[PDB]
Amino acid sequence: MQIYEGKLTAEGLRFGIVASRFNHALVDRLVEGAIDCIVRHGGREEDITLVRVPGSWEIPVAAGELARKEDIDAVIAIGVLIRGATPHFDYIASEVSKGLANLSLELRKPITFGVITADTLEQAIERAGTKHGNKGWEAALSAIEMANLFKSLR
Amino acid sequence: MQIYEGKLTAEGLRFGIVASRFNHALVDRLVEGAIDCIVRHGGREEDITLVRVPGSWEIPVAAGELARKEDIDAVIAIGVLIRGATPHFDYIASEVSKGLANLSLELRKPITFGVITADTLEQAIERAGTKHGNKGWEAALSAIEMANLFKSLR
Amino acid sequence: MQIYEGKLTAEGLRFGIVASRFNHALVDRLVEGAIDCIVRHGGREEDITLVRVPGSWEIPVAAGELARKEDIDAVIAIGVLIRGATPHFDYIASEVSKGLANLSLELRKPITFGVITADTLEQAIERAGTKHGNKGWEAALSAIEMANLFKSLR
Amino acid sequence: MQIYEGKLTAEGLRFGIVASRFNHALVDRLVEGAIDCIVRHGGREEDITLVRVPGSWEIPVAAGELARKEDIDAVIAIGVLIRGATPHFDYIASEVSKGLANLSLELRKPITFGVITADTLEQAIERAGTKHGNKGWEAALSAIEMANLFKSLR
Amino acid sequence: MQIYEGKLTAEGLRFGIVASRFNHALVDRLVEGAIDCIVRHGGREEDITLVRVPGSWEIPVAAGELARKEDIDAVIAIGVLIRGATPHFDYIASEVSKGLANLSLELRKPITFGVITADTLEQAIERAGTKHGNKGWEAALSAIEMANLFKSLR
Amino acid sequence: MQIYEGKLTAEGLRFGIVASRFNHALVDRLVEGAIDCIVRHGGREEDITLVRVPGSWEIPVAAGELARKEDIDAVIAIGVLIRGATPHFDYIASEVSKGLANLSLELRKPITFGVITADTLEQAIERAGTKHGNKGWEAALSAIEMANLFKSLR
Amino acid sequence: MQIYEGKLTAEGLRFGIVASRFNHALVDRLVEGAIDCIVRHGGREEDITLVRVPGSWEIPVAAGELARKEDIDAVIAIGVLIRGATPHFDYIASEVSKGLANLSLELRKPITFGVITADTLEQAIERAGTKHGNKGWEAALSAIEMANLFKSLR
């Protein structure tokens, strides 16, 4: 059988991170976790490009610029959405996830989903470096794997 | 009437399988079922390409690379999503299904959906080689049929 | 006012029918109804092309091949989805409807929706040749009208 | 500041109306409303093109043909969907709205949404020329404004 | 086996329609439906004879005159009965259905039943061109089939 | 289309009225209403023939004599049934309506149904010249229309 | 038949608007809506006369002065009443509506009713440029139609 897979060593890999600023007390923990994952898997901090945008709505259009760079191997999208009183959350979460997924297919380049979409603040806290882990660290680990996979698959 | 259909013998057919790693104790049973269905329908194991990706989110972008290969007749997407506490599942399930369906139409090549989308762990276990069958085996059987069909349709 | 409309006589019209095999005891009644509608409206059975696929998921990619044929005036998509225990139904029904609607716009050719999307088995039986009619007959009648319409509109 | 807006006089404007036939006792009041709004705003009835299609599902593909005409300034989509027993309504309403919205962007031409999407028959009756007005008349007024706006914006 | 059936093309067929005036806001949609079905199946509008009578009670005696015409191939009976406070409805619906059924047998000529017999106003509205279709259109389609059938059977 | 209808002017028309005597305090108001309708629509009182019978049961056999007269253009049947304690009402109401409907078809002559069939005395009072109108006036108006119709239809 | 109607183009039309000041946060949205409706239907802002009065009670006497002007084609009355704790609202709403209706008849000149009469503050907000529209815009549209009508009717 032909088997393709990505290892988890990040030597020589170059990452773009797009991180929104809303809910920054939680997004900043996700960014810390993504950078930590990259660096302790052997990626250099100098080969990370960090783009900041105001809210999760603006993540896609910035990720589309970063993922078009030839010297970016994968993009990690980071943000925190917490449901408020209206259906606003539904439309933002829907379009942020659709836009990143579409951009990954269009550009044929891994874009990983480090965006929390929580009903409650407690759930967001749990996923931003407390009892359910750190979704930024997880999205960066996925991006390492996918960049390594794409060195033979793409 | 002109009637087009695919038979279920897999001699000479070449398959791509993209299988995510999350929930691997269940995904691995789906992969076993897909390979068994191919091989005991006459397909050779050497004509299977298996691509591993970290999560269901990353299945589409890998399936788009595999489906673009001229020597792949059909792609079988395999993964297991189980709803958690937040709406995350909804956005991942929505984009994985949308991306695979879109890629199948864009590339005019059968891509079959062996991805469980369960509300509970019990429902995923049921569909991964226990009391409700094996969705990997089912998605491979669909891909056999579709690849045969496309020998005259495409 | 300029008024465009399609009549319901099917002389000289050529139809493609894509029908899935899952829930075949019901889909086969929808296929009977579509062929009967075409033939008793004056269409010839020789000018029907029937393509079988395993499940509703595979309808779109087969319909995209049939709709691209220059000698097919309209495509009728036929299948039966019944909700199960998990959200699987939602993702399949969503992508089958999206893919067919998208193909119709991309290819500028009528593709009619004879796909039952039922919560219960009883509702599917009602719509497959019993007390609420036959959705295959209805989708064929719509395709007759739209093909005649497009003789002047397209 | 530069300010662009459309007035509501319809002299010289040319409209396409696509109206489905299902629920025709209500759709026909919406069509009456749209024509009345155009004509009493100064538009000529001869400058209306009316296309009939069988159901709301078929509105998009017909609107795509009408909106491509160089001599059509805006398209008004008219139809009535009323929820039935199954989830069918959800998929039809979803793709009709998606397809019109997408066509408007692709063709860079206003397409207005005079499609009722009601849970009950009572709600549809209210919106088709009774206590909550006439959605046909409203979609026509929007299309007059948009066609005038696009004489300077487009 | 000898098989007799009628097709649904209406070329050269000549219809009588008897339509009562009570509940005319609904009956008039049934009449619209019957004429539309005839005409778009290929029947000429000039070959329709429309007789108006005051109530459903008077439909039979008028249908008896129309069905005796040698140049009428089938009669379509159209009316709307809605149950009131007394048992009146029962006696009217009973004799209207009995009288049409008896006339069809006595005159050996198809007479189709496009008469709504509803418990509620809502039910009548549903059946006169809204969510349960148009009983006029249905009774016309039956009369087209029956007139064609009788060209070989009678 | 050929269109047959009756106007509501009664000049030269000749009517037979058969009215029972039971519940005469109510039937006599129905008779007043029928004569008033005829006369103020231009019919002459001299061209009315009134036949009295004891009960609603006897209306049909008397109406069959009046309808056979060559110089009677239409017959109006008038009576009031009110449900009692036993099923008697059901059998009388059933046979009176059946007999009148049958005679109209046999004799090919309009016979209109001005017979109240009420569950309560209050419902009969409502329909005999109070809050729900006068069923004798209504049956006479129907007979005027049908006699004028039959001048061209019969 | 002779048919008189007003179109909705406002070229050359001259309007008087009488608007009270109580509940001005809402009345001022109604005034914006009336002026916008006039101007975007082709009326000139220079041909509007606006009269301010303290409360709805004072609208009639000011409207009677404006309606008597030979160069005013129609008057639009604008104000917002919201029920308070006492029956005061009833007497004010009753006399404002009576006075305007009476003046319109006495002076034979259209006076349109853009006065909200609400039980609650929420209902007034809904009708002053939010979810149930803008009653000032609606009263202006009615005044445009009636002024055009009276060019031939008066």
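Residues numbered from 1 in each chain as written, not as in the entry; some residues may be left out. Chains lettered and ligands numbered in written order. Part of a larger assembly, values for the part shown. Heavy atoms only, no water.

- Structure determination for this PDB entry was carried out by X-ray crystallography, with a resolution of 1.6 Å recorded in the header.

Some details on the UniProt feature "binding site: (2S)-2-hydroxy-3-oxobutyl phosphate" in chain A
All names here are of chain A.
1) Next: The sites that carry the UniProt feature "binding site: (2S)-2-hydroxy-3-oxobutyl phosphate" are, in the present numbering, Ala-85, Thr-86 and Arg-127. A maximum C-alpha distance of 22.7 Å is found for the annotated residues, which run over 43 residues; spatially they are spread out rather than grouped.
2) Next: With respect to the helices, strands and loops of the structure, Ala-85 is situated in the loop between β4 (74-82) and α3 (88-107).
3) Next: Residue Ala-85 is classed as exposed on the basis of its relative accessible area, which comes to 87%.
4) Next: The topology assignment puts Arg-127 in helix α4 (residues 121-127).
5) Next: A distance of 2.8 Å separates a polar atom in the side chain of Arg-127 from the backbone oxygen of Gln-123. (UniProt positions renumbered as here; feature names shortened; annotations may be inferred. Helix = DSSP H or I, 4+ residues; strand = E, 2+ residues; numbered from the N terminus. Buried < 20%, exposed > 50% of the residue type's maximum accessible area, 1.4 Å probe, protein only. Polar contact = N/O pair within 3.5 Å; in protein donor to acceptor, adjacent residues only side chain to side chain.)

Observations regarding the relation of the copies chain C and chain D
1) Next: Between chain C and chain D, the superposition needs a rotation of 72° and an axial shift of 0.0 Å, giving an RMSD of 0.0 Å. The symmetry that links the two subunits is that of a five-fold axis.
2) Next: Comparing interface residues between copies, only 3% of those in chain C also lie at the interface in chain D; the contact surfaces differ. (Least-squares fit on C-alpha atoms. Contact = heavy atoms within 4.5 Å.)

A word on α3 of chain A
For an α-helix, the turn length of 3.6 residues means that residues three or four places apart are oriented alike.
1) Next: Along its 20 residues, α3 of chain A runs 28 Å from first to last C-alpha, staying within 8% of the 28 Å computed at 1.5 Å per residue.
2) Next: By the burial criterion, the buried members of α3 of chain A are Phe-89, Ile-92, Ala-93, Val-96, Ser-97, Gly-99, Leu-100, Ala-101, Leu-103, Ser-104 and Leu-105 of chain A.
3) Next: Those residues of α3 of chain A hidden inside the fold are in contact with α2 (59-67), β4 and β5 (111-118) of chain A together with α2 (59-68) and α3 (88-107) of chain B.
4) Next: Looking one or two residues past α3 of chain A, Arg-108 of chain A carries a phi angle of roughly 50°, positive in sign. (Expected span 1.5 Å × (residues − 1).)

Here's the deal with the pairing of strand β3 (residues 48-53) of chain B
Each regular strand carries side chains that alternate between the two faces of the sheet.
1) Next: The buried count for β3 of chain B comes to 5 of 6 residues, which makes it a mostly enclosed element.
2) Next: Where strand β1 (residues 2-4) of chain A lies against β3 of chain B, 3 bridges are found, and the strand directions are parallel. Paired with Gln-2 of chain A across the strands is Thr-49 of chain B, a residue of β3 of chain B.
3) Next: Taken together, the 6 bridges between strand β2 (residues 15-20) of chain B and β3 of chain B define a ladder with parallel strand orientation. Looking at β3 of chain B, one finds that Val-18 of chain B is bridged to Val-51 of chain B.
4) Next: You can see the chain leave β2 of chain B, run along helix α1 (residues 24-40) of chain B and come back into β3 of chain B, and the turn it takes is right-handed. (Pairing = 2+ DSSP bridges. Right-handed = clockwise from strand over helix to strand, strands pointing away.)

A few points about the packing of aromatic side chains
1) Next: Applying the stated criterion to the full structure yields 4 aromatic pairs over all chains.
2) Next: Judged by centre distance (4.6 Å) and plane angle (25°), the rings of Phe-113 of chain B and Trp-57 of chain C are stacked. Of the two residues, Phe-113 of chain B sits in strand β5 (residues 111-118) while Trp-57 of chain C sits in the loop between β3 (48-53) and α2 (59-68), which places them in two different chains.
3) Next: By relative accessible area, which is 10% here, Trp-57 of chain C ends up buried. (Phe/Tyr/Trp six-rings, centres within 6.5 Å; stacked < 30°, edge-to-face > 60°.)

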